[PDB]
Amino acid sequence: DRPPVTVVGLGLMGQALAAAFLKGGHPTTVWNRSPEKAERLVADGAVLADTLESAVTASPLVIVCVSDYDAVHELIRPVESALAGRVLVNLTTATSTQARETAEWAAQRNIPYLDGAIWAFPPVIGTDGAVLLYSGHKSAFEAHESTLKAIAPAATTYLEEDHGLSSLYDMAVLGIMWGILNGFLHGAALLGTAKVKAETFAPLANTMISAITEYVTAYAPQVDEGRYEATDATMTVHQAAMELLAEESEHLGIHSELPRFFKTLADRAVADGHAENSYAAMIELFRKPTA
């Protein structure tokens, strides 16, 4: 019942998890290269650890959330022994090919591994907001689902045994994720010029931001399918509009690099043919590599 758990790496993200556990019964031991950065967790009742092995030792579940698989690897190895016998959940961010590669390493060292992908932000962690995708040893997944739920109680979730995907998806969403932050921060810079509090702006954004997810679902079909007979609008429209946006930004006296880029693609896609086609067609351009 709320069993123990050990988490490694105390980034903004690192620390957020610990609480979910701590602030979910699960007694949590924690360890981090530089240390110091803890108090609140310890104050909130955590256990700082002598060394890594000590930290590992002290729990059946080992969560690792750090910079990069490079880091990960050069932790594990030193405790590789101690890990066998315990399940390793890697939430460090990494590519398909990285997840896949680290998956193998553990199995070859007889360590049950899970490659989890976080879709939540420090705050969100522990809430019905947060959502994770894990992939790996279904046995292990089933085995600790409970404790795992602590962080994404709404959607602690598992995909088949191939790790690649969990991570792959992770990438996909990222980028989408940035795609927004950008448009928004840009849009905001825009209304910035008009002495408009983002506080003001955002709401309506988010209003329209919710509005779009609609059309997206419709587009998927077009890609899944083929002909990009347009429903929304032609590329050529979108294309022009980007100019305007660019034109706007420039006029306003703020970075215009973003939209101008957006156009170049439109331009390409158009150049490539499908000017009449829905923005769907853009996909064909992404299927097409850039080096």
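Residue indices: 1-based, along the sequence shown.
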Could you settle it for me: does 153-161 or 217-225 have the higher average Cα B factor in the PDB entry? 217-225
Could you check the entry and say whether 189-197 or 142-150 has the higher mean CA B-factor? 189-197
Determine which member of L132, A71, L83, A202 has the highest CA B-factor, using the values in the deposited entry. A202
Which of these, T127, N182, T97, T207, has its C-alpha atom at the highest B-factor, as the entry lists it? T207
Taking only the Cα B-factors deposited for this chain, tell me whether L285 sits in the lowest, middle or highest third. middle
Among all modelled residues of this chain, ranked by Cα B factor, put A16 in the bottom, middle or top third, i.e. lowest, middle or highest. middle
Please say which third, lowest, middle or highest, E248 falls into when its CA temperature factor is compared across its chain. middle
Using only modelled residues of the chain, where does the Cα B factor of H26 rank: lowest third, middle third or highest third? lowest
Going by the recorded CA B-factors, say which third of the chain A58 sits in, lowest, middle or highest. middle
